[PDB]
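Worksheet: one structure, shown below.
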Protein chains: 2
Amino acid sequence: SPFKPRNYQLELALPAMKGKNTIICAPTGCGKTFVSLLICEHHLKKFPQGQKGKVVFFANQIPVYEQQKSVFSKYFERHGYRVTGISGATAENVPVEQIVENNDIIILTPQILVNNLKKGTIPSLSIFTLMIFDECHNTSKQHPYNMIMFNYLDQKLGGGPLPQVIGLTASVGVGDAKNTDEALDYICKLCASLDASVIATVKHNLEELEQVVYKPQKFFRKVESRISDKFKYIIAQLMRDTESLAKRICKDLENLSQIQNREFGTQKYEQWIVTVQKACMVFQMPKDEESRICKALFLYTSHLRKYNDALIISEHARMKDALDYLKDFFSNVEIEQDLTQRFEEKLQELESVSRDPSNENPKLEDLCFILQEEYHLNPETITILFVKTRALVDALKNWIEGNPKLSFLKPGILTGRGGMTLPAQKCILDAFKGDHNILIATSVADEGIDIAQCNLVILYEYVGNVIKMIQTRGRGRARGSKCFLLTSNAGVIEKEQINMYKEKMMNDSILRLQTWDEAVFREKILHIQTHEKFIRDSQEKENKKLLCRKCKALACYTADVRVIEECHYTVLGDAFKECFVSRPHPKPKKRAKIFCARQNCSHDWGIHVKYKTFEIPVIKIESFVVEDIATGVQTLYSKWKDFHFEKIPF
Amino acid sequence: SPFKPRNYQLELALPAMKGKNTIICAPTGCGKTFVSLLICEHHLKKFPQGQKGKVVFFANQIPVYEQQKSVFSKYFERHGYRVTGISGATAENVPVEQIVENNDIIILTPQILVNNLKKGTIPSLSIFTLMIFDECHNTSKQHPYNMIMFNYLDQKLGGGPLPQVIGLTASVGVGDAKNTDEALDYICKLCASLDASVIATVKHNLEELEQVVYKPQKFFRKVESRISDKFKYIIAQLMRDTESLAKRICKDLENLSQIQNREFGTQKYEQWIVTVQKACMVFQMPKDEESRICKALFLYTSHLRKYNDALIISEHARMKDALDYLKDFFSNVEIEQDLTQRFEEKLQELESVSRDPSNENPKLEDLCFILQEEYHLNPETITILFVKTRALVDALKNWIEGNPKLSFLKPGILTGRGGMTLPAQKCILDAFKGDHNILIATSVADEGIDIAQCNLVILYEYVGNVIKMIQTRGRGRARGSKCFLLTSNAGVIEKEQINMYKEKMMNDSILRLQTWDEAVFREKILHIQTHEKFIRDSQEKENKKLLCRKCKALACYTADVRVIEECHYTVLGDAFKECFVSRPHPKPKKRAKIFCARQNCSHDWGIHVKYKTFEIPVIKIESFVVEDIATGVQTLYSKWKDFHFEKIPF
RNA sequence: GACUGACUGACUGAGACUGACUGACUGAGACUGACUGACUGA
RNA sequence: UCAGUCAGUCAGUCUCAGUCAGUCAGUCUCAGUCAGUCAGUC
Ligand SMILES: Nc1ncnc2c1ncn2[C@@H]1O[C@H](COP(=O)(O)OP(=O)(O)O)[C@@H](O)[C@H]1O
Ligand SMILES: Nc1ncnc2c1ncn2[C@@H]1O[C@H](COP(=O)(O)OP(=O)(O)O)[C@@H](O)[C@H]1O
Ligand code: ALF
Ligand code: ALF
Ligand SMILES: [Mg+2]
Ligand SMILES: [Mg+2]
Ligand SMILES: [Zn+2]
Ligand SMILES: [Zn+2]
């Protein structure tokens, strides 16, 4: 009620009010949600007595879903329209076939609608009259939005009434253009993909926009690395030693992988290790010596990979975290005794260099400096920090809570479900309206969190396509806000600069497109839709052995595996009941795990679980190598979809 | 005699008359009791001279038992058949082994039959020839009906004659179906669980049903809450203060429980308090300071819980009740002096806001409005009001009797035994045939009270599965009746709507099932019974220390506890005779209670009681913490079944 | 013949106490599967 | 075109806690009426 509609909202609403399928392109923070409110209200009130229509509203991430549902519920309570929502949260849900019919406004996540359409419970899209697509720029190759549109267009082009389509965006996306022409082509293809005739952008009331919406400012921070790293040097020495050990047993392995000049802390090295594994555990010999060599190479490569992960975490996260991870692996888990001696040799030196604060990670130093100086300048402010990986979320949480210098900070974690839950996310969000001052977020904090007060956005080695850049920068709804990209690589800065340009070129291309005459636009859109529909339509149309990946013991055969509930795999038979051994006090204790029978091979196959009445063990294809019963060939399967056999029920 | 059989009763009776085990599904109020009368009469009269058979009739709740017994007694007096009943009421009962043999019709409560079968006094079910199951929808996981059926089926499938089985219902129940298929599966499993081949529903004489039976109408009433509550605010301020006090002593209490964002008036907060208790009184220290901290945290948490209960009662019941409860706790029952000062500080403000009628609970306001307007419209009517908890029964009784505006109302309480007694329930029921006009009832008023005149049913925040919805709505036998769900939460309304749908989907699924061909139905039923029987058959196959929960004083040892009559626990020895102290004038006076010896700890352990000749004290495991005599570990036992020891007689 | 006292038993009616069972409602955790997109490397 | 990492989205199977309401088993008590039996004074 207290919200007073501004002029530019009416301007944007106009074409949709008329009743054409439209796309709205506006800068972040202008209040496109209120525009959707007004369009929905005007469209619904238009119908005559005795006839009513439905409204559908999607969202990708759960917190966005929750806040949109709350906004709609608060706005439309007074008119008496009944709204509702569906999500993964609702358990034992009433069948949707009629919860669509009972209510007026329905909020969803597109996967639900796609599921129902594929199953067929919802007959056709004609039950609806208005479809609103938030963050509409994602309508592309296989995103669920595009599958919904595929159903829509396949229905329209062949032979019932169809609903109006409205899309909202803050950046339509440029794709991979190298010139204005390809940007124009990409935008035209996008508009065709969702059957829109009009693109609406505010121009008449621009000046009003400038003092209504404050554009955030951008900054870069390059941080150099240390020339001398004791931990890096000693771990690299361990790398050289372990590599020599691995080299000595094998006849050759320089030649096995085409990769060359492998650095130590690079992902290329990790790919090399994975390739050497997948090439060596598949290597066969004419027999116990074969298993022994396989075991030795497996252990060597596993420790190599674990140390490489420790190195990358060390160069990203703080000093202590890498040693924590390594010590946990060693303690939790012959040759392995030798390697344990090797690590325990250096442990104390590693701890000593870790507790020397002079060798602290420079990135953390500069991040402390930025937070300190900002919070000195403004005592009160709400800032968001963006990372790549949840492990880094936990690491930064601990490091922030453990710094006496940053007594100001009050942390709040935020991440996608699976793991924080839905009500926890809702509470953390609502608290910011409160005693929290900093929010550590993963990728879910894009596409609109709408915190009314945010003046600082920090990117911790977080870059990508232009869409992510714009959606990250836009989070600073509060005026005077700033964004800081912190990194230790110049190429990242270059990518950021070129992405800024790409944004500019897209913004010019859309203005060029707006000049085109109507009904030629629609004609070329129809042509593109027809061509793409033709392309898609014509686009598409035993008893083997399984053995332990580490000791090559004959685990089982696919003739004895019965799938339960189409989604779990198990095997019956006393023969399998000897080939493994459980653990007396399993590490989770929260149920007993499976392990290789021979004391030589401590390899985790699967886990126990109980179906309705029966306790049974289940295995993962990630544990075995498959071997033909006729020939001696082998492959490796990482995922049951690739494996092909006689899938048999319980 | 004056009852004239209607057509649909004969239609329903037909399959049972033939002699197959059947289920009857009919809408509420159609007179299924008379159908049972006719089936029983026809079945009993069929036998030839010199041979006779028995009839058994169950019921769950005592008032239903009483009214069914009265109905059978009045009907079958003229034929000369001898009926009788058994229940928990009969004291010094003649042994049943032959009160079954002496009479023809026997009325019971299934727990009696299960008790006798487990003990073995009744040899086998073959003594009977007809078993009638009223409210048959309860035959499920562990309900006594299902155990009786388990005996029946275990006898039948393995290797004497067996009795016919008839069941009656008004709603078979849908379980947790999400589609018609799962509803059909649930109904098939239900029919299998009680070995029925035919489901009977009236279709030919439907039109007769519509003017014979009036369907009650349904309505919803959403009530908003007050934005500003003085009592809520002040009690919340006390919450914040007490929480700060509790926080200060303990090193950490945030991290002990995974629960987050605890609201004040929620059950989640109560669970948090219970978790903090069960985690803190078990916490051990290397000694008097340990007891002091335990006492302090105990008192803080106890007052927190009591205030939270006051808050929830206040938001449910009237203003005065919460203060009544709190004052009674404080008056009945160092640090406690401090907290008493804290409460007495605010007492007068609490009373002042309580006696301001403008801040009355809105739910009570709207309930007064509904009763007023109805009784204005119709001066004479009989209405029933449904609540969750007996405490609310008393509160509503007082509040209704104390309102000058509602001079019309004449109240009648009704609740299960243990506490009103059986003859009191019978008198209250018979009075409604009289000067009473409103009945306040707990859950016992479901599954059929059969008040010939009821035109108004009110639900005070009472919702559940579809069975409860249907059985609650059906109570309005009188035509023109109505049902009103009053609530202050929208999710409750949504649950009610989805339950209405679930009823519709079940009613369609049963009609689908009726189409199936005979002897395939029975075949799949036999398959289900066999599978379930196999599943059930294979499904199943010291001197420690006890100390005071509040002061950690060494109470006793399990080596000195002797159980009497297998059901009371006591301890002998002068050592225990010092560890406690009785009270001179105990609060019940009706016998002396037990309390902790030290004046620091006023904690009630148990109560005195006299066996045939000897006065002895008995204790409750609810009073102590158990500690190993060898190690320092502790657990908490809430119920003697969990505790395992050397149970020794007197 | 009628006067006052004490005892026993049988029948009721009412209360308080202690133990186990079932069901419904929540709140929170663990496990296994499939899908999409973005980034790299070759 | 292939590989490998990362992050989001859904489907399905499980469990533990805590409150609530019903159902049974067992040990007790106080009241009031009734009918018998005795002692003592007239
Ligand atoms: N009439 C109005 N006056 C002031 N603020 C408004 C008005 N309408 C909407 N807003 C603000 O706009 C915000 C929603 O913007 P949103 O559309 O989510 O941004 P974006 O365009 O980036 O998606 C809300 O936080 C609300 O405070
Ligand atoms: N022949 C009849 N004529 C009129 N009323 C009848 C007749 N037979 C039974 N009734 C009524 O049916 C009621 C019993 O219904 P009941 O079977 O308990 O309902 P429900 O089907 O919900 O269990 C009684 O109150 C009685 O008055
Ligand atoms: F649509 Al936005 F922040 F870009 F809510
Ligand atoms: F069986 Al009913 F009211 F449902 F007596
Ligand atoms: Mg938005
Ligand atoms: Mg009935
Ligand atoms: Zn192995
Ligand atoms: Zn004590």
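Every chain in the structure tokens has a letter given in the order shown (A, B, ...), and although residue numbers restart at 1 in each chain, ligands are simply numbered from 1 in the order shown.
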Residues of chain B within 10 Å of chain C, using only C-alpha atoms (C1' of nucleotides), as a PDB file with N, CA, C and O atoms, in the first residue's frame?
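To be explicit, this is the file written out as iface-v9.pdb:
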```pdb
ATOM      1  N   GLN B 111      -8.682 -53.892  24.028  1.00  0.00           N
ATOM      2  CA  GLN B 111      -7.571 -54.167  24.930  1.00  0.00           C
ATOM      3  C   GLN B 111      -7.873 -55.336  25.859  1.00  0.00           C
ATOM      4  O   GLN B 111      -6.970 -56.109  26.189  1.00  0.00           O
ATOM      5  N   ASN B 138      -9.366 -47.931  11.820  1.00  0.00           N
ATOM      6  CA  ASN B 138      -8.204 -47.879  12.697  1.00  0.00           C
ATOM      7  C   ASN B 138      -7.333 -49.122  12.611  1.00  0.00           C
ATOM      8  O   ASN B 138      -6.303 -49.183  13.289  1.00  0.00           O
ATOM      9  N   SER B 140      -4.570 -50.782  11.702  1.00  0.00           N
ATOM     10  CA  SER B 140      -3.301 -50.311  11.168  1.00  0.00           C
ATOM     11  C   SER B 140      -2.176 -50.750  12.092  1.00  0.00           C
ATOM     12  O   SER B 140      -2.368 -51.587  12.973  1.00  0.00           O
ATOM     13  N   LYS B 141      -1.015 -50.125  11.909  1.00  0.00           N
ATOM     14  CA  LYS B 141       0.312 -50.661  12.263  1.00  0.00           C
ATOM     15  C   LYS B 141       0.256 -51.438  13.578  1.00  0.00           C
ATOM     16  O   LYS B 141       0.526 -52.650  13.570  1.00  0.00           O
ATOM     17  N   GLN B 142      -0.107 -50.824  14.701  1.00  0.00           N
ATOM     18  CA  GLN B 142      -0.085 -51.509  15.987  1.00  0.00           C
ATOM     19  C   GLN B 142      -1.362 -51.316  16.791  1.00  0.00           C
ATOM     20  O   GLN B 142      -1.368 -51.583  17.996  1.00  0.00           O
ATOM     21  N   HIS B 143      -2.433 -50.850  16.163  1.00  0.00           N
ATOM     22  CA  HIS B 143      -3.680 -50.661  16.885  1.00  0.00           C
ATOM     23  C   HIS B 143      -4.235 -52.024  17.295  1.00  0.00           C
ATOM     24  O   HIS B 143      -4.062 -53.008  16.566  1.00  0.00           O
ATOM     25  N   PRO B 144      -4.887 -52.125  18.457  1.00  0.00           N
ATOM     26  CA  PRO B 144      -5.296 -53.453  18.950  1.00  0.00           C
ATOM     27  C   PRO B 144      -6.177 -54.229  17.986  1.00  0.00           C
ATOM     28  O   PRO B 144      -6.102 -55.465  17.945  1.00  0.00           O
ATOM     29  N   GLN B 258      22.138 -27.711  17.958  1.00  0.00           N
ATOM     30  CA  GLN B 258      22.155 -27.322  16.552  1.00  0.00           C
ATOM     31  C   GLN B 258      21.015 -26.379  16.191  1.00  0.00           C
ATOM     32  O   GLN B 258      21.076 -25.729  15.141  1.00  0.00           O
ATOM     33  N   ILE B 259      19.975 -26.302  17.024  1.00  0.00           N
ATOM     34  CA  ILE B 259      18.840 -25.436  16.733  1.00  0.00           C
ATOM     35  C   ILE B 259      19.300 -23.989  16.580  1.00  0.00           C
ATOM     36  O   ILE B 259      20.204 -23.520  17.284  1.00  0.00           O
ATOM     37  N   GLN B 267       7.328 -24.182  19.934  1.00  0.00           N
ATOM     38  CA  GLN B 267       7.724 -25.459  20.515  1.00  0.00           C
ATOM     39  C   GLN B 267       9.189 -25.762  20.242  1.00  0.00           C
ATOM     40  O   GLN B 267       9.814 -26.527  20.984  1.00  0.00           O
ATOM     41  N   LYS B 268       9.746 -25.187  19.173  1.00  0.00           N
ATOM     42  CA  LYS B 268      11.166 -25.350  18.890  1.00  0.00           C
ATOM     43  C   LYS B 268      12.010 -24.794  20.030  1.00  0.00           C
ATOM     44  O   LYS B 268      13.024 -25.387  20.415  1.00  0.00           O
ATOM     45  N   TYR B 269      11.598 -23.653  20.585  1.00  0.00           N
ATOM     46  CA  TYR B 269      12.274 -23.097  21.751  1.00  0.00           C
ATOM     47  C   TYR B 269      12.194 -24.053  22.937  1.00  0.00           C
ATOM     48  O   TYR B 269      13.172 -24.229  23.671  1.00  0.00           O
ATOM     49  N   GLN B 271      11.915 -27.319  22.802  1.00  0.00           N
ATOM     50  CA  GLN B 271      12.850 -28.399  22.517  1.00  0.00           C
ATOM     51  C   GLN B 271      14.283 -27.961  22.776  1.00  0.00           C
ATOM     52  O   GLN B 271      15.096 -28.742  23.280  1.00  0.00           O
ATOM     53  N   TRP B 272      14.612 -26.712  22.436  1.00  0.00           N
ATOM     54  CA  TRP B 272      15.954 -26.207  22.711  1.00  0.00           C
ATOM     55  C   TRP B 272      16.237 -26.199  24.204  1.00  0.00           C
ATOM     56  O   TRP B 272      17.326 -26.587  24.640  1.00  0.00           O
ATOM     57  N   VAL B 463      -6.935 -29.634  13.806  1.00  0.00           N
ATOM     58  CA  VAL B 463      -6.783 -30.172  12.458  1.00  0.00           C
ATOM     59  C   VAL B 463      -5.964 -31.452  12.525  1.00  0.00           C
ATOM     60  O   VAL B 463      -5.317 -31.752  13.530  1.00  0.00           O
ATOM     61  N   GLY B 464      -5.994 -32.210  11.433  1.00  0.00           N
ATOM     62  CA  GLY B 464      -5.268 -33.460  11.355  1.00  0.00           C
ATOM     63  C   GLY B 464      -5.451 -34.154  10.023  1.00  0.00           C
ATOM     64  O   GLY B 464      -5.668 -33.498   9.001  1.00  0.00           O
ATOM     65  N   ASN B 465      -5.360 -35.481  10.017  1.00  0.00           N
ATOM     66  CA  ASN B 465      -5.565 -36.250   8.801  1.00  0.00           C
ATOM     67  C   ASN B 465      -7.043 -36.236   8.412  1.00  0.00           C
ATOM     68  O   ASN B 465      -7.911 -35.791   9.167  1.00  0.00           O
ATOM     69  N   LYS B 468     -10.007 -37.588  10.730  1.00  0.00           N
ATOM     70  CA  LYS B 468     -10.492 -36.704  11.782  1.00  0.00           C
ATOM     71  C   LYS B 468     -11.385 -35.615  11.211  1.00  0.00           C
ATOM     72  O   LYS B 468     -12.402 -35.260  11.815  1.00  0.00           O
ATOM     73  N   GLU B 565       5.274 -55.833  43.533  1.00  0.00           N
ATOM     74  CA  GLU B 565       4.168 -56.087  42.607  1.00  0.00           C
ATOM     75  C   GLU B 565       4.576 -55.843  41.158  1.00  0.00           C
ATOM     76  O   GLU B 565       3.736 -55.547  40.305  1.00  0.00           O
ATOM     77  N   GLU B 566       5.877 -55.948  40.879  1.00  0.00           N
ATOM     78  CA  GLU B 566       6.432 -55.797  39.538  1.00  0.00           C
ATOM     79  C   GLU B 566       6.191 -54.407  38.960  1.00  0.00           C
ATOM     80  O   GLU B 566       6.553 -54.143  37.809  1.00  0.00           O
ATOM     81  N   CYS B 567       5.581 -53.508  39.734  1.00  0.00           N
ATOM     82  CA  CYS B 567       5.143 -52.241  39.163  1.00  0.00           C
ATOM     83  C   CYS B 567       5.424 -51.016  40.031  1.00  0.00           C
ATOM     84  O   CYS B 567       5.252 -49.887  39.562  1.00  0.00           O
ATOM     85  N   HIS B 568       5.847 -51.198  41.281  1.00  0.00           N
ATOM     86  CA  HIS B 568       6.341 -50.078  42.073  1.00  0.00           C
ATOM     87  C   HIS B 568       7.790 -50.309  42.477  1.00  0.00           C
ATOM     88  O   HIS B 568       8.218 -51.443  42.687  1.00  0.00           O
ATOM     89  N   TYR B 569       8.547 -49.221  42.586  1.00  0.00           N
ATOM     90  CA  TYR B 569       9.961 -49.285  42.929  1.00  0.00           C
ATOM     91  C   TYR B 569      10.210 -48.574  44.250  1.00  0.00           C
ATOM     92  O   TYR B 569       9.738 -47.451  44.454  1.00  0.00           O
ATOM     93  N   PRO B 588      -0.160 -31.891  49.091  1.00  0.00           N
ATOM     94  CA  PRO B 588      -1.463 -32.558  48.932  1.00  0.00           C
ATOM     95  C   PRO B 588      -2.345 -32.458  50.164  1.00  0.00           C
ATOM     96  O   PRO B 588      -3.576 -32.436  50.036  1.00  0.00           O
ATOM     97  N   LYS B 590      -2.844 -36.800  49.099  1.00  0.00           N
ATOM     98  CA  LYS B 590      -3.151 -36.571  50.505  1.00  0.00           C
ATOM     99  C   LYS B 590      -2.187 -37.342  51.400  1.00  0.00           C
ATOM    100  O   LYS B 590      -2.525 -37.708  52.525  1.00  0.00           O
ATOM    101  N   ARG B 591      -0.984 -37.584  50.889  1.00  0.00           N
ATOM    102  CA  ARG B 591       0.042 -38.319  51.610  1.00  0.00           C
ATOM    103  C   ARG B 591       1.371 -37.591  51.460  1.00  0.00           C
ATOM    104  O   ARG B 591       1.587 -36.856  50.493  1.00  0.00           O
ATOM    105  N   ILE B 607       7.144 -40.202  46.582  1.00  0.00           N
ATOM    106  CA  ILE B 607       5.966 -40.064  47.427  1.00  0.00           C
ATOM    107  C   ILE B 607       5.834 -41.300  48.303  1.00  0.00           C
ATOM    108  O   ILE B 607       6.187 -42.411  47.900  1.00  0.00           O
ATOM    109  N   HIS B 608       5.341 -41.094  49.520  1.00  0.00           N
ATOM    110  CA  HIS B 608       5.014 -42.200  50.407  1.00  0.00           C
ATOM    111  C   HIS B 608       3.764 -42.933  49.932  1.00  0.00           C
ATOM    112  O   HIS B 608       2.874 -42.350  49.307  1.00  0.00           O
ATOM    113  N   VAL B 609       3.702 -44.232  50.239  1.00  0.00           N
ATOM    114  CA  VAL B 609       2.528 -45.052  49.967  1.00  0.00           C
ATOM    115  C   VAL B 609       2.604 -46.272  50.873  1.00  0.00           C
ATOM    116  O   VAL B 609       3.684 -46.688  51.291  1.00  0.00           O
ATOM    117  N   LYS B 610       1.451 -46.849  51.189  1.00  0.00           N
ATOM    118  CA  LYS B 610       1.411 -48.004  52.075  1.00  0.00           C
ATOM    119  C   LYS B 610       0.988 -49.247  51.305  1.00  0.00           C
ATOM    120  O   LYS B 610      -0.090 -49.285  50.704  1.00  0.00           O
ATOM    121  N   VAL B 618       8.378 -44.463  47.768  1.00  0.00           N
ATOM    122  CA  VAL B 618       8.707 -44.891  46.416  1.00  0.00           C
ATOM    123  C   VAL B 618       9.254 -43.697  45.649  1.00  0.00           C
ATOM    124  O   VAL B 618       8.851 -42.551  45.872  1.00  0.00           O
ATOM    125  N   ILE B 619      10.184 -43.975  44.740  1.00  0.00           N
ATOM    126  CA  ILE B 619      10.862 -42.940  43.978  1.00  0.00           C
ATOM    127  C   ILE B 619      10.563 -43.138  42.498  1.00  0.00           C
ATOM    128  O   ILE B 619      10.142 -44.210  42.059  1.00  0.00           O
ATOM    129  N   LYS B 620      10.789 -42.079  41.730  1.00  0.00           N
ATOM    130  CA  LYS B 620      10.598 -42.087  40.287  1.00  0.00           C
ATOM    131  C   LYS B 620      11.937 -41.843  39.608  1.00  0.00           C
ATOM    132  O   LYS B 620      12.691 -40.956  40.022  1.00  0.00           O
ATOM    133  N   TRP B 640      11.299 -46.157  33.172  1.00  0.00           N
ATOM    134  CA  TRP B 640      12.021 -47.309  33.709  1.00  0.00           C
ATOM    135  C   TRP B 640      12.278 -48.407  32.684  1.00  0.00           C
ATOM    136  O   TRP B 640      13.172 -49.231  32.899  1.00  0.00           O
ATOM    137  N   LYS B 641      11.512 -48.462  31.593  1.00  0.00           N
ATOM    138  CA  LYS B 641      11.719 -49.528  30.619  1.00  0.00           C
ATOM    139  C   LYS B 641      13.116 -49.455  30.019  1.00  0.00           C
ATOM    140  O   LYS B 641      13.748 -50.487  29.771  1.00  0.00           O
TER     141      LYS B 641
END
```
Where does chain D meet chain A within 8 Å, residue by residue, with the nearest atom pair and distance in Å to one decimal for each, counting only C-alpha atoms (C1' of nucleotides), listed by chain and rising number, as a Markdown table?
```
| residue | atom | partner | partner_atom | distance |
| --- | --- | --- | --- | --- |
| D:4 | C1' | A:271 | CA | 5.9 |
| D:6 | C1' | A:389 | CA | 7.2 |
| D:7 | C1' | A:443 | CA | 6.7 |
| D:8 | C1' | A:444 | CA | 7.2 |
| D:9 | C1' | A:111 | CA | 7.0 |
| D:10 | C1' | A:111 | CA | 6.4 |
| D:12 | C1' | A:567 | CA | 7.4 |
| D:13 | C1' | A:611 | CA | 6.9 |
| D:14 | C1' | A:610 | CA | 7.2 |
```
Exercise for review: Find the residues around residue 644 in chain B up to 12 Å (only C-alpha atoms (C1' of nucleotides) counted), leave out those fewer than 6 positions away in its own chain, and share them as a PyMOL selection string.
Suggested key: chain B and resi 542-544+558+626+637
Practice item. At a cut-off of 12 Å, list the chain A residues touching chain B, using only C-alpha atoms, as a count of residues only. Key: 37
**Study point:** Close residues to ligand 2 using only C-alpha atoms (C1' of nucleotides) and all ligand atoms, limit 7 Å, as a PyMOL selection string
**Key:** chain B and resi 3-6+26-34+170+448+450-452+474
